[PDB]
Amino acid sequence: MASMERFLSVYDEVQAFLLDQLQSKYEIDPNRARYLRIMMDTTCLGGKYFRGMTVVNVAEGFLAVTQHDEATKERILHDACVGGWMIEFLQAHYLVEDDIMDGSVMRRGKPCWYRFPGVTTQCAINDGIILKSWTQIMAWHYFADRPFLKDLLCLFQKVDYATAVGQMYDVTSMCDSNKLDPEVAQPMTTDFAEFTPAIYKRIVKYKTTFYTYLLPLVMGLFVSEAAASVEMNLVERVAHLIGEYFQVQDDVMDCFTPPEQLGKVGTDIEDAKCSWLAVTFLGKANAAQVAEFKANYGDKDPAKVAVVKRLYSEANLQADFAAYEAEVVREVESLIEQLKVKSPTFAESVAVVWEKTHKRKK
C-alpha cells in the first residue's frame, strides 16, 4: 500500500545517486550512463519485489507495535527500502548470470538481458558484476554510520557466498560426482543416481533460500535493531523451509506454466537440471518409465522434451506437489506458532511472507 510507494520512490533516489556519481567521479559519458540506466531498470524492475518488500514489511511490523518519533520512523523505513534494494539488485545480479548459465531466452516478459539486441554476452557478464558492486556502494553510502552496518554487510557476504556455492551445485547437478574433473571432459549422468531428495534439498538450500528468505527477513530485523527479540534458530529454519517450497514451485512452473503467464521460458528439462519434478518422477517411476526418461531428458530437441513432459503428466506429479504443499503448510504454521512466543509481530510478517509465496502463480 503506502509501503510499495515508498519502496519505489527510493529506487529513483538510489538510481540518481548511482548515475550522478558515475558522472562526477567515474568520467562516464552520456550514452554509457544511459546504457547502465536501462540495464539497471531492465534487470532490477518488473519482478514482484517479494525480497525487497519483505525487509520493508518486517520493519513496518516493529514500528506498528511500538512508538517512535516521526524522524526515527522515516530513518528506519528508508533504511528498510535501501536494504530491500540491495537484495533486489543482488537478485538482478544472479538472474543476469543465471540466464546466461542456463541458456534462457526470456525473463519477466522481455528478452533475457544478455539477449537484448544491443547487448553483447561479454558485456552482460560484466553488467551482472556491476549490479552486485552497486549493492556495496549503496550500503556504504546509505549506512555509513549505522550501528548495524558491520552485521548487515557480514550477513550479505555470507548469503551471497552461499548462493554462489549453490549455483555451482545447481549448474553441476547433471554430472556424475565421481567423474567431476577440470582436466577431463565429461558427459551428463546416465544413471541419475544423484537425483535424490537430499541432493535436491542441498542445491536449493544454497542457491535460493539464503538470499530469497533468510536475508530479507534478517535484514528487516537489522534495520529495526530487533535481531535480539526473536529466536534466530527459528528464523533460519522457517527461511530454509519456505525457501525450499518456493523453488519447488519454481521448478514445477518451469514445466507447466505457460511462458505468457510465467514471464520466462522453461529450460530445466533441456539443461538436465536436478529439478523437483525429475527427482520426484524418479521417486515413483517403474522400470519402463525410468528407461524412457533416460532416453529423452537433457536434450534440446523439442520432441524429446514432450516425451519427458508426457511422462511427468502420467506420473501424477501435479498431485505429489499437493501432498508436499500440505506437508509444508503444516510445518510453516508450526514455525509461525513457535515464532509468536518471543515475537508475535515478526511471526505475522512471516505469515504474510508465506501467504504471498503460497498464493503466487508468478
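Each form is matched to the other, and the largest set of C-alpha atoms that superpose within 1.5 Å is called the rigid core. Start at 1 with the first residue shown and count on from there.
Take 37-45 and 316-324, fit the other structures onto the shown form by the rigid core, and average the C-alpha distances in 8 other deposited structures of this protein: the farther stretch is 316-324. RMS Cα deviation from the shown model in 8 other deposited structures of this protein, rigid core fit, is larger for 178-186 than for the other stretch of the pair 206-214 / 178-186.
Mean CA B-factor, 218-226 versus 166-174: the higher value falls on 218-226. Looking at 280-288 and 85-93 together, the entry lists the larger mean B-factor for 280-288, computed on C-alpha atoms. Per the deposited record, 231 carries the highest C-alpha B-factor of all listed residues (194, 79, 127, 231). When the modelled residues of the chain are ordered by their C-alpha B factor, residue 53 lands in the middle third. Annotation for residue 41: C-alpha temperature factor in the lowest third relative to the rest of the modelled chain, per the entry. Sort the chain's modelled residues by C-alpha temperature factor and residue 12 lands in the middle third, per the entry. Compared with the other modelled residues of the chain, the Cα B-factor recorded for residue 186 ranks in the highest third. Among all modelled residues in this chain, the alpha-carbon of residue 21 has a temperature factor (C-alpha) in the lowest third.
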